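**Q** Provided herewith is a single structure, encoded as structure tokens, for subsequent inquiry.
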Amino acid sequence: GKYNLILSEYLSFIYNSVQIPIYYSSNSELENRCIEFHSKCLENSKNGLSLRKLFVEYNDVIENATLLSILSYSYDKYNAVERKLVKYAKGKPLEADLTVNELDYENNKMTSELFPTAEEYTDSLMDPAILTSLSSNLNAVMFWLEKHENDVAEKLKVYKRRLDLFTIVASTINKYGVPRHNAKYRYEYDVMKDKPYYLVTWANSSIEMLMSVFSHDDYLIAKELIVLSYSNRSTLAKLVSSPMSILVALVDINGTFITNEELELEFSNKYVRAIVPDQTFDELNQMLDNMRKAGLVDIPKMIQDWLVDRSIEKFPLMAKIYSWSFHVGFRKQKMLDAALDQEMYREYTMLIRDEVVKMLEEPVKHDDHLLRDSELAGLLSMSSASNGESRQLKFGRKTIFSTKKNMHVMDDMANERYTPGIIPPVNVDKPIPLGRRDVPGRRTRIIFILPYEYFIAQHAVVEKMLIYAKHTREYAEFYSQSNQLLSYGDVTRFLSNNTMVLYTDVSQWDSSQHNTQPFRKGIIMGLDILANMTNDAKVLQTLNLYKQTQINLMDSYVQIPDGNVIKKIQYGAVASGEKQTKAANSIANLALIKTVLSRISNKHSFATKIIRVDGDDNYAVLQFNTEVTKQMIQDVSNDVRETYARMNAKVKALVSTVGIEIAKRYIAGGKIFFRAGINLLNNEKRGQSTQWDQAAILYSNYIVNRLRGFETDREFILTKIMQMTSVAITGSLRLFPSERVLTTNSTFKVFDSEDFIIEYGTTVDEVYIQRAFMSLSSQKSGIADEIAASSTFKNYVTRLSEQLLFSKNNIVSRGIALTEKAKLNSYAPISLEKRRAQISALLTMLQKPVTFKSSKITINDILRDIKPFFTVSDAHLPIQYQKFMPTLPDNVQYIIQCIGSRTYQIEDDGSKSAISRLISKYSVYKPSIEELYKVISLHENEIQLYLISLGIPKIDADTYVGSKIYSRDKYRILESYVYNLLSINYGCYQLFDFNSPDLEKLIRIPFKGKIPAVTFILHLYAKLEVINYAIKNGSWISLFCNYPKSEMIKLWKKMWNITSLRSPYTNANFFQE
RNA sequence: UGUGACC
Ligand SMILES: Nc1nc2c(ncn2[C@@H]2O[C@H](COP(=O)(O)OP(=O)(O)OP(=O)(O)O)[C@@H](O)[C@H]2O)c(=O)[nH]1
């Protein structure tokens, strides 16, 4: 509830010269008071009359009404930022050392020195690409500095540490003035020219870093990173986070968690001695020297200190540095440089080929339907991303231009041009338009924006491999419904005094030109074997067209822009843009380690406890017959690196007996760690989401970081949200959304009023507002309807249908239509219409709901019904689980020490339902969890027509539709769909064991009725309420349920008429994918 | 229509 208040201290801070609180109430007479108070307030302000009287006069509204929004009327020239910044600029501005970076443009020169003219300029290399200004990030900081000016004791040491650092920014910024941004939140030439090219993005990186400073060690790390990061823009992060790969092999294991047969974490009190060959210490020092030579001082000592004893208890510092290294910003080079960096393989290609076979064998041998109708599968899965060229399109009586695949597939069909039989060339004659991938730390990488013919030809076969992966443990990233905790235990499992883990980063190998041949070759070779396993025209064709793209790509040409020119150079490496990218890379990376391990066995004899490939890393745990020694480690480590060398693969390969470090995670001292390097004030690229959407994503990013071990002051986060979600009515009148508006479970939710706890409307006003917002959730788009009606479209939707369905089916059909209408949202013009509407709507909205004939039910209502039939009473749970994830805040860790954690993802798509399994045996169609949710609630005879109308044979449709499974499915679909709506797999909850016995105790639910659905929700709602209470108070409570029998049937009905809510908060979570 | 693949 503090938002609404911290919101005023802010406005009254930014503006000095008025605020007009706007309330509302579900109660008619109180609302009319809410209306009167409003106007009376406007009036007095329109006369410079103190509102003090009215605030007393209408004290009733203040007290019993819900704050809807705070109106801010300010008449300043909005340069108050410039003015306000002086006070903090009394330190010596930083002077960029233009010597630290290789490429010249990476050095912090003046903009003009890099770009002499306005036609040569480009923010392309610094663009914060986010929808909030640098002025704001500035205002935010100062606002907070003022509020914690007179704080005492420790808060002061936090204020101080912070005030200091801000100066560095403030002073440096003041020297060249503050860079003003345009309506699109971009920094142009006129403003950037005189100022250092990287002033802005660095300011942003530095602000976000200093506002995440608390302890002295923080401050030390910030300050250091903030200074060097003003000159170094290319090796800092890599330099700072490089040591961590070795630090993990130095901490002894004193009690760890392993994985048991039930594939779940189980404590193991074992001790494993970290065995390290001297050479490693050399390597680690060489890394410490490099750290120093590049200016670093404070950070290198922290590690050197740590290295005396190397206590897993004093490892939180090392982890902290590793996570901070990333907040320096992204490394955005020039496409050209990004692209320029570019007989013993016999074994390595044989394995790749054998792996491509295993995966597709059965599907091929048994003329799988998916492999046959793969062309339809690709079409239905086609996204509305780029195709490469910017074609002119004819829709109805309108010719517009677009690059969208969905737009090009359509147009192409309506003109006999749709020809997937012909897989376009990608050579010198038809160069690949390029894309990029920017990440903090590593150098930029290019990306092939291949023609849609390439997706379609690969979609189905890729999916068939991913399935083989789903149940092959070696593929960590894909195995079962597993989260990272599982992979954590699979390693710590076989560890001991006679084994050694071998990890390897191979990101450089996959881009290496050496790989590109044995890679594409092994796949093709494999595809051949498969082709010889059938005669099915369908299979051979799609199996063949796959072989085709694996050739056109062998000798590929790329379109690198080199200025305002687009040179065509020859690309001889495997870039990524295909559908097989992730799968193939997984296949390849694993084929590799197998190749390496196989070779080193000629000398040393060991056993393979586990082999794994996960993203751009690949590791294995070997076991020897004798106790391992420093010398044994050195030898293995050498023969390995040497084996990799004989393949001309530039890769980092380490060998330890206690931990590992890979891009996704690292295991130090038997504990699990995940880098907390998600940037907040700078983004990789510009999407299409709105500001609100970005507000929510900021917050989301805050939560993930926080859980990972990097906390940005929440007061700062809330300030940014106050900024980003606002809506300007005129040049002076700006409207600010209230806490109720932004946190309630609506279509406009941005964040949770309290971290790790998701509330739902439990009061009338809350219900009122919730139902009001939903009413204006989806907006009209003239442009979207125009094409939604055009011929090529209807024909498109039609052609897809007649191809999928056998008999009639209106649910599918009505779906395919919308499913395709939505894709148009990637088209900017439409997107823009939408947002404009949403604003005006949500504009008048924050003024008077009322008229909204609610009739739709949501998870809120369901819960709000159940709420009153429970009795809480103080309970208690002892801490009985040792911590394995050190970084977790304290209130979230607690829940785990009491009820435990999980290593799987709760099924929330209805994929395990029998009916869904059925449809996938005879159909290429994929129904959402929300469709199955309705299809399962249909009259027995309707479900039978659905099934048949998708190619499901009667002996099957008729058999299922009756069976007991249909009933169990009925429950399973609902059970799955509800979890989906409660976000049981996100943020905080995904961590918890919702089936913990310890938890089950606190839940006392007398089953006065044998009606599964109701029993279900009652227990879950209770498990949630218990855990929330524990997440806030630190103590536990028990729940007793006295839900009526009569009511149960009333509820069960409500259950099957639930609507899914769509919001920025929701999408934010989906973005964490 | 300052936009730039897979997932
Ligand atoms: N290209 C690529 N991007 C990835 C990969 N894995 C994750 N990402 C990125 O992941 C960001 C998502 O971060 P998350 O995966 O949601 O962080 P998290 O993994 O959900 O934290 P949890 O897994 O507990 O463990 C996106 O912006 C992606 O670009 C990958 O293997 N390849």
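For the structure tokens, the naming scheme is as follows: chains receive sequential letters (A, B, ...) according to their order of presentation, residues are indexed from 1 within each chain, and ligands are indexed from 1 in presentation order.
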May I ask you to extract the residues of chain A within 10 Å of chain B, using only C-alpha atoms (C1' of nucleotides), and to give them as a PDB file with C-alpha atoms, in the first residue's frame?
**A**
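Once everything was written out, this is out_36.pdb:
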```pdb
ATOM      1  CA  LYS A 184      10.683   7.542 -29.361  1.00  0.00           C
ATOM      2  CA  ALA A 385       8.545 -12.411 -37.982  1.00  0.00           C
ATOM      3  CA  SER A 386      10.771 -11.260 -40.846  1.00  0.00           C
ATOM      4  CA  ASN A 387      11.215 -13.032 -44.134  1.00  0.00           C
ATOM      5  CA  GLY A 388      14.103 -10.835 -45.261  1.00  0.00           C
ATOM      6  CA  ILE A 400       1.129  -1.535 -48.306  1.00  0.00           C
ATOM      7  CA  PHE A 401       4.630  -2.861 -47.666  1.00  0.00           C
ATOM      8  CA  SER A 402       5.703  -5.482 -45.100  1.00  0.00           C
ATOM      9  CA  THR A 403       8.507  -7.930 -44.304  1.00  0.00           C
ATOM     10  CA  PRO A 433      19.792 -10.604 -44.862  1.00  0.00           C
ATOM     11  CA  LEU A 434      21.422 -10.411 -41.429  1.00  0.00           C
ATOM     12  CA  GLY A 435      20.317 -10.068 -37.853  1.00  0.00           C
ATOM     13  CA  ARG A 436      22.258  -9.692 -34.617  1.00  0.00           C
ATOM     14  CA  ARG A 437      22.460 -11.032 -31.103  1.00  0.00           C
ATOM     15  CA  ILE A 446      25.185 -12.490 -36.515  1.00  0.00           C
ATOM     16  CA  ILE A 447      21.907 -14.176 -37.358  1.00  0.00           C
ATOM     17  CA  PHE A 448      20.481 -15.481 -40.651  1.00  0.00           C
ATOM     18  CA  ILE A 449      17.034 -14.149 -41.425  1.00  0.00           C
ATOM     19  CA  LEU A 450      16.371 -17.008 -43.886  1.00  0.00           C
ATOM     20  CA  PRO A 451      13.314 -17.239 -46.235  1.00  0.00           C
ATOM     21  CA  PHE A 455      11.191 -22.887 -41.615  1.00  0.00           C
ATOM     22  CA  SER A 576      21.871 -19.230 -36.339  1.00  0.00           C
ATOM     23  CA  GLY A 577      18.411 -18.588 -37.725  1.00  0.00           C
ATOM     24  CA  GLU A 578      17.274 -22.055 -38.686  1.00  0.00           C
ATOM     25  CA  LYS A 579      14.662 -24.088 -36.845  1.00  0.00           C
ATOM     26  CA  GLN A 580      17.290 -26.762 -36.143  1.00  0.00           C
ATOM     27  CA  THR A 581      19.636 -24.249 -34.450  1.00  0.00           C
ATOM     28  CA  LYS A 582      19.072 -25.319 -30.842  1.00  0.00           C
ATOM     29  CA  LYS A 685      17.018  -4.357 -29.069  1.00  0.00           C
ATOM     30  CA  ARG A 686      13.806  -2.435 -29.595  1.00  0.00           C
ATOM     31  CA  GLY A 687      10.732  -4.610 -29.559  1.00  0.00           C
ATOM     32  CA  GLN A 688       7.164  -3.470 -30.074  1.00  0.00           C
ATOM     33  CA  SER A 826       3.722  -7.736 -35.758  1.00  0.00           C
ATOM     34  CA  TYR A 827       2.812  -5.224 -38.459  1.00  0.00           C
ATOM     35  CA  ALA A 828       3.696  -1.852 -36.915  1.00  0.00           C
ATOM     36  CA  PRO A 829       0.825   0.197 -38.350  1.00  0.00           C
ATOM     37  CA  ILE A 830      -1.729  -2.122 -36.695  1.00  0.00           C
ATOM     38  CA  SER A 831       0.250  -2.363 -33.461  1.00  0.00           C
ATOM     39  CA  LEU A 832       0.254   1.455 -33.334  1.00  0.00           C
ATOM     40  CA  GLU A1073      11.268 -17.838 -21.775  1.00  0.00           C
TER      41      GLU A1073
END
```
**Q** Residues within 8 Å of residue A:374, please, as a VMD selection string. Count only C-alpha atoms (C1' of nucleotides); anything in the same chain fewer than 2 positions from it doesn't count.
**A** chain A and resid 370 to 372 376 to 378 456 to 457 459 to 461 542 924
**Q** From the DSSP assignment of the backbone, select every residue of stretch 699-742 of chain A that is strand (DSSP E), and format the answer as a PDB file with N, CA and C atoms, in the first residue's frame.
**A**
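Written file, result.pdb:
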```pdb
ATOM      1  N   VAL A 727       0.555   8.601 -18.234  1.00  0.00           N
ATOM      2  CA  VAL A 727      -0.081   8.956 -19.498  1.00  0.00           C
ATOM      3  C   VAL A 727      -0.330  10.459 -19.549  1.00  0.00           C
ATOM      4  N   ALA A 728       0.316  11.125 -20.502  1.00  0.00           N
ATOM      5  CA  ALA A 728       0.183  12.569 -20.649  1.00  0.00           C
ATOM      6  C   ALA A 728      -1.119  12.927 -21.340  1.00  0.00           C
ATOM      7  N   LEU A 733      -0.710  18.482 -18.143  1.00  0.00           N
ATOM      8  CA  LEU A 733      -1.500  17.533 -17.360  1.00  0.00           C
ATOM      9  C   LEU A 733      -1.106  16.088 -17.627  1.00  0.00           C
ATOM     10  N   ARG A 734      -0.499  15.460 -16.623  1.00  0.00           N
ATOM     11  CA  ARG A 734      -0.043  14.071 -16.710  1.00  0.00           C
ATOM     12  C   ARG A 734      -0.777  13.204 -15.688  1.00  0.00           C
ATOM     13  N   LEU A 735      -1.248  12.042 -16.122  1.00  0.00           N
ATOM     14  CA  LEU A 735      -1.987  11.146 -15.242  1.00  0.00           C
ATOM     15  C   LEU A 735      -1.166   9.954 -14.755  1.00  0.00           C
ATOM     16  N   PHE A 736      -1.170   9.732 -13.444  1.00  0.00           N
ATOM     17  CA  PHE A 736      -0.421   8.627 -12.842  1.00  0.00           C
ATOM     18  C   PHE A 736      -1.325   7.539 -12.252  1.00  0.00           C
ATOM     19  N   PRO A 737      -1.229   6.316 -12.794  1.00  0.00           N
ATOM     20  CA  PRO A 737      -2.013   5.149 -12.363  1.00  0.00           C
ATOM     21  C   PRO A 737      -1.742   4.758 -10.910  1.00  0.00           C
TER      22      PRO A 737
END
```
**Q** Neighbours of ligand 1 at 7 Å or closer, counting only C-alpha atoms (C1' of nucleotides) and all ligand atoms: which residues, as JSON, numbers by chain?
**A** {"A": [483, 484, 615, 704, 1071, 1072, 1073]}
**Q** Dump N, CA, C and O atoms for the selected residues as a PDB file, in the first residue's frame?
**A**
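Generated file (part_27.pdb):
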```pdb
ATOM      1  N   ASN A 483      13.525 -28.734 -14.445  1.00  0.00           N
ATOM      2  CA  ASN A 483      14.043 -27.389 -14.270  1.00  0.00           C
ATOM      3  C   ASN A 483      15.544 -27.552 -14.016  1.00  0.00           C
ATOM      4  O   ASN A 483      16.074 -28.668 -14.099  1.00  0.00           O
ATOM      5  N   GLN A 484      16.240 -26.466 -13.706  1.00  0.00           N
ATOM      6  CA  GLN A 484      17.677 -26.583 -13.511  1.00  0.00           C
ATOM      7  C   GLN A 484      18.128 -27.284 -12.244  1.00  0.00           C
ATOM      8  O   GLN A 484      19.269 -27.759 -12.156  1.00  0.00           O
ATOM      9  N   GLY A 615      22.932 -26.241 -23.979  1.00  0.00           N
ATOM     10  CA  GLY A 615      23.197 -24.929 -24.532  1.00  0.00           C
ATOM     11  C   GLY A 615      24.580 -24.954 -25.137  1.00  0.00           C
ATOM     12  O   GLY A 615      24.935 -25.925 -25.804  1.00  0.00           O
ATOM     13  N   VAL A 704      13.545 -11.644 -10.927  1.00  0.00           N
ATOM     14  CA  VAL A 704      14.522 -12.680 -11.270  1.00  0.00           C
ATOM     15  C   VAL A 704      15.924 -12.370 -10.706  1.00  0.00           C
ATOM     16  O   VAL A 704      16.547 -13.255 -10.121  1.00  0.00           O
ATOM     17  N   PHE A1071       7.743 -13.632 -21.158  1.00  0.00           N
ATOM     18  CA  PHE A1071       8.982 -13.100 -21.719  1.00  0.00           C
ATOM     19  C   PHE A1071      10.212 -13.796 -21.097  1.00  0.00           C
ATOM     20  O   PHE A1071      11.285 -13.840 -21.702  1.00  0.00           O
ATOM     21  N   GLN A1072      10.057 -14.320 -19.882  1.00  0.00           N
ATOM     22  CA  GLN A1072      11.145 -15.022 -19.213  1.00  0.00           C
ATOM     23  C   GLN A1072      11.224 -16.440 -19.769  1.00  0.00           C
ATOM     24  O   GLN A1072      11.291 -17.413 -19.019  1.00  0.00           O
ATOM     25  N   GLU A1073      11.202 -16.547 -21.093  1.00  0.00           N
ATOM     26  CA  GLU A1073      11.268 -17.838 -21.775  1.00  0.00           C
ATOM     27  C   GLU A1073      12.330 -17.792 -22.878  1.00  0.00           C
ATOM     28  O   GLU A1073      13.365 -18.480 -22.718  1.00  0.00           O
TER      29      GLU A1073
END
```
**Q** Tell me, in Å to one decimal, how far atom CA of residue A:700 is from atom CA of residue A:750.
**A** 8.9 Å
**Q** Tell me, as a PyMOL selection string, which residues lie within 12 Å of residue A:9, counting only C-alpha atoms (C1' of nucleotides); anything in the same chain fewer than 6 positions away does not count.
**A** chain A and resi 2-3+15-16+19+70+140+143-144+146-147+715+719+722
**Q** Those residues you just picked out, can you put them in a file as a PDB file, in the first residue's frame with N, CA, C and O atoms?
**A**
```pdb
ATOM      1  N   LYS A   2       2.154   1.120   0.146  1.00  0.00           N
ATOM      2  CA  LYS A   2       3.065   2.266   0.170  1.00  0.00           C
ATOM      3  C   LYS A   2       3.293   2.949  -1.175  1.00  0.00           C
ATOM      4  O   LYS A   2       3.742   4.091  -1.222  1.00  0.00           O
ATOM      5  N   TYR A   3       2.988   2.262  -2.266  1.00  0.00           N
ATOM      6  CA  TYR A   3       3.172   2.848  -3.584  1.00  0.00           C
ATOM      7  C   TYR A   3       2.448   4.188  -3.668  1.00  0.00           C
ATOM      8  O   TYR A   3       3.072   5.226  -3.855  1.00  0.00           O
ATOM      9  N   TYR A  15       7.909  18.114  -9.270  1.00  0.00           N
ATOM     10  CA  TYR A  15       7.230  19.369  -9.562  1.00  0.00           C
ATOM     11  C   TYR A  15       7.049  20.276  -8.341  1.00  0.00           C
ATOM     12  O   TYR A  15       6.522  19.834  -7.317  1.00  0.00           O
ATOM     13  N   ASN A  16       7.482  21.536  -8.467  1.00  0.00           N
ATOM     14  CA  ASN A  16       7.364  22.547  -7.405  1.00  0.00           C
ATOM     15  C   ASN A  16       6.843  23.846  -8.030  1.00  0.00           C
ATOM     16  O   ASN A  16       7.514  24.433  -8.874  1.00  0.00           O
ATOM     17  N   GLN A  19      -1.324  18.343  -7.317  1.00  0.00           N
ATOM     18  CA  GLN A  19      -1.861  16.992  -7.464  1.00  0.00           C
ATOM     19  C   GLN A  19      -3.333  16.918  -7.106  1.00  0.00           C
ATOM     20  O   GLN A  19      -3.747  17.446  -6.079  1.00  0.00           O
ATOM     21  N   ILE A  70      -3.632   9.412  -9.460  1.00  0.00           N
ATOM     22  CA  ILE A  70      -3.237  10.719  -8.955  1.00  0.00           C
ATOM     23  C   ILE A  70      -2.964  11.601 -10.154  1.00  0.00           C
ATOM     24  O   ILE A  70      -2.053  11.328 -10.931  1.00  0.00           O
ATOM     25  N   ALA A 140      14.959   9.787 -10.865  1.00  0.00           N
ATOM     26  CA  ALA A 140      14.742   8.698  -9.925  1.00  0.00           C
ATOM     27  C   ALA A 140      15.811   8.679  -8.821  1.00  0.00           C
ATOM     28  O   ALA A 140      15.485   8.758  -7.634  1.00  0.00           O
ATOM     29  N   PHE A 143      15.739  11.688  -6.476  1.00  0.00           N
ATOM     30  CA  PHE A 143      14.542  11.566  -5.658  1.00  0.00           C
ATOM     31  C   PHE A 143      14.838  10.689  -4.439  1.00  0.00           C
ATOM     32  O   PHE A 143      14.454  11.006  -3.308  1.00  0.00           O
ATOM     33  N   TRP A 144      15.530   9.585  -4.689  1.00  0.00           N
ATOM     34  CA  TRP A 144      15.876   8.644  -3.643  1.00  0.00           C
ATOM     35  C   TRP A 144      16.975   9.169  -2.751  1.00  0.00           C
ATOM     36  O   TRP A 144      17.012   8.866  -1.566  1.00  0.00           O
ATOM     37  N   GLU A 146      17.419  12.241  -1.917  1.00  0.00           N
ATOM     38  CA  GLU A 146      16.798  13.225  -1.050  1.00  0.00           C
ATOM     39  C   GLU A 146      16.063  12.549   0.090  1.00  0.00           C
ATOM     40  O   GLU A 146      16.192  12.938   1.250  1.00  0.00           O
ATOM     41  N   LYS A 147      15.292  11.522  -0.244  1.00  0.00           N
ATOM     42  CA  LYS A 147      14.520  10.810   0.756  1.00  0.00           C
ATOM     43  C   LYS A 147      15.344  10.074   1.789  1.00  0.00           C
ATOM     44  O   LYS A 147      14.861   9.811   2.880  1.00  0.00           O
ATOM     45  N   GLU A 715      12.650   0.763  -4.077  1.00  0.00           N
ATOM     46  CA  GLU A 715      12.104   2.112  -4.108  1.00  0.00           C
ATOM     47  C   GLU A 715      12.406   2.707  -5.461  1.00  0.00           C
ATOM     48  O   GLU A 715      11.618   3.475  -6.002  1.00  0.00           O
ATOM     49  N   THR A 719       9.772   3.635  -8.606  1.00  0.00           N
ATOM     50  CA  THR A 719       9.819   4.976  -9.179  1.00  0.00           C
ATOM     51  C   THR A 719       9.780   4.865 -10.688  1.00  0.00           C
ATOM     52  O   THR A 719       9.014   5.566 -11.337  1.00  0.00           O
ATOM     53  N   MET A 722       6.456   4.267 -11.808  1.00  0.00           N
ATOM     54  CA  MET A 722       5.602   5.441 -11.713  1.00  0.00           C
ATOM     55  C   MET A 722       5.792   6.224 -12.988  1.00  0.00           C
ATOM     56  O   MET A 722       4.826   6.721 -13.569  1.00  0.00           O
TER      57      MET A 722
END
```
**Q** Just the number, please: distance in Å from atom CA of residue A:713 to atom CA of residue A:438, one decimal.
**A**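 Distance between the two atoms: 26.1 Å.
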**Q** I'd like the interatomic distance between atom CA of residue A:485 and atom CA of residue A:667, to a tenth of an Å.
**A**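 It comes out at 10.7 Å.
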**Q** Name the residues of stretch 547-622 of chain A that fall into helix (DSSP H, G or I) according to DSSP on the backbone, using the chain letters and numbers of this document, as a short mmCIF file (atom, residue, chain, number, x, y, z; two decimals) with N, CA and C atoms, in the first residue's frame.
**A**
```cif
data_model
loop_
_atom_site.label_atom_id
_atom_site.label_comp_id
_atom_site.auth_asym_id
_atom_site.auth_seq_id
_atom_site.Cartn_x
_atom_site.Cartn_y
_atom_site.Cartn_z
N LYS A 547 17.20 -32.16 -46.41
CA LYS A 547 18.55 -32.36 -46.93
C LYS A 547 18.93 -31.18 -47.81
N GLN A 548 17.94 -30.58 -48.43
CA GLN A 548 18.19 -29.47 -49.32
C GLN A 548 18.74 -28.22 -48.62
N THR A 549 18.12 -27.82 -47.52
CA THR A 549 18.57 -26.63 -46.81
C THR A 549 19.94 -26.87 -46.21
N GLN A 550 20.27 -28.13 -45.96
CA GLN A 550 21.57 -28.44 -45.38
C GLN A 550 22.68 -28.40 -46.42
N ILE A 551 22.32 -27.98 -47.63
CA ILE A 551 23.29 -27.88 -48.72
C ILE A 551 23.38 -26.42 -49.13
N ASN A 552 22.23 -25.81 -49.42
CA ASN A 552 22.20 -24.40 -49.80
C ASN A 552 23.02 -23.60 -48.79
N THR A 581 18.57 -24.89 -35.22
CA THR A 581 19.64 -24.25 -34.45
C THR A 581 19.87 -24.89 -33.09
N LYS A 582 18.92 -24.74 -32.17
CA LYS A 582 19.07 -25.32 -30.84
C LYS A 582 19.23 -26.83 -30.86
N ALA A 583 18.34 -27.56 -31.52
CA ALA A 583 18.47 -29.02 -31.54
C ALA A 583 19.81 -29.47 -32.09
N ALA A 584 20.09 -29.06 -33.33
CA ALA A 584 21.32 -29.42 -34.04
C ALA A 584 22.54 -29.08 -33.22
N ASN A 585 22.55 -27.88 -32.65
CA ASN A 585 23.68 -27.48 -31.84
C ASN A 585 23.82 -28.46 -30.67
N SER A 586 22.70 -28.84 -30.06
CA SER A 586 22.73 -29.78 -28.96
C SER A 586 23.32 -31.08 -29.46
N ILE A 587 22.76 -31.58 -30.56
CA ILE A 587 23.25 -32.82 -31.14
C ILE A 587 24.77 -32.73 -31.34
N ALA A 588 25.19 -31.72 -32.10
CA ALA A 588 26.59 -31.49 -32.39
C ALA A 588 27.45 -31.39 -31.15
N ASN A 589 27.13 -30.48 -30.24
CA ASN A 589 27.92 -30.32 -29.03
C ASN A 589 28.12 -31.61 -28.26
N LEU A 590 27.10 -32.47 -28.24
CA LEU A 590 27.21 -33.76 -27.54
C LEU A 590 28.08 -34.70 -28.34
N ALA A 591 27.87 -34.73 -29.66
CA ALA A 591 28.67 -35.59 -30.54
C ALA A 591 30.13 -35.29 -30.26
N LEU A 592 30.41 -34.02 -30.02
CA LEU A 592 31.75 -33.54 -29.75
C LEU A 592 32.41 -34.14 -28.49
N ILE A 593 31.83 -33.87 -27.32
CA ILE A 593 32.39 -34.39 -26.09
C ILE A 593 32.58 -35.89 -26.21
N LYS A 594 31.62 -36.57 -26.83
CA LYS A 594 31.72 -38.01 -27.00
C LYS A 594 33.03 -38.29 -27.73
N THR A 595 33.27 -37.51 -28.78
CA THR A 595 34.47 -37.63 -29.59
C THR A 595 35.72 -37.40 -28.76
N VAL A 596 35.68 -36.37 -27.92
CA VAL A 596 36.82 -36.04 -27.07
C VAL A 596 37.07 -37.14 -26.04
N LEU A 597 36.08 -37.41 -25.20
CA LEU A 597 36.22 -38.45 -24.19
C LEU A 597 36.69 -39.77 -24.80
N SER A 598 36.07 -40.17 -25.90
CA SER A 598 36.46 -41.40 -26.56
C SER A 598 37.98 -41.47 -26.82
N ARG A 599 38.54 -40.37 -27.32
CA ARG A 599 39.96 -40.30 -27.63
C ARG A 599 40.90 -40.34 -26.42
N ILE A 600 40.55 -39.63 -25.36
CA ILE A 600 41.40 -39.60 -24.17
C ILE A 600 41.44 -40.92 -23.39
#
```
**Q** Would you list the contacts of residue A:131 as a VMD selection string, taking every protein, DNA or RNA residue within 10 Å and counting only C-alpha atoms (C1' of nucleotides), but skipping same-chain residues closer than 2 positions in sequence?
**A** chain A and resid 128 to 129 133 to 134 183 to 186 681 to 683 686 to 687 689 to 695 724
**Q** Find the residues around residue A:877 up to 7 Å (only C-alpha atoms (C1' of nucleotides) counted), leave out those fewer than 2 positions away in its own chain, and share them as an NGL selection string.
**A** :A and (879 or 898 or 1036)
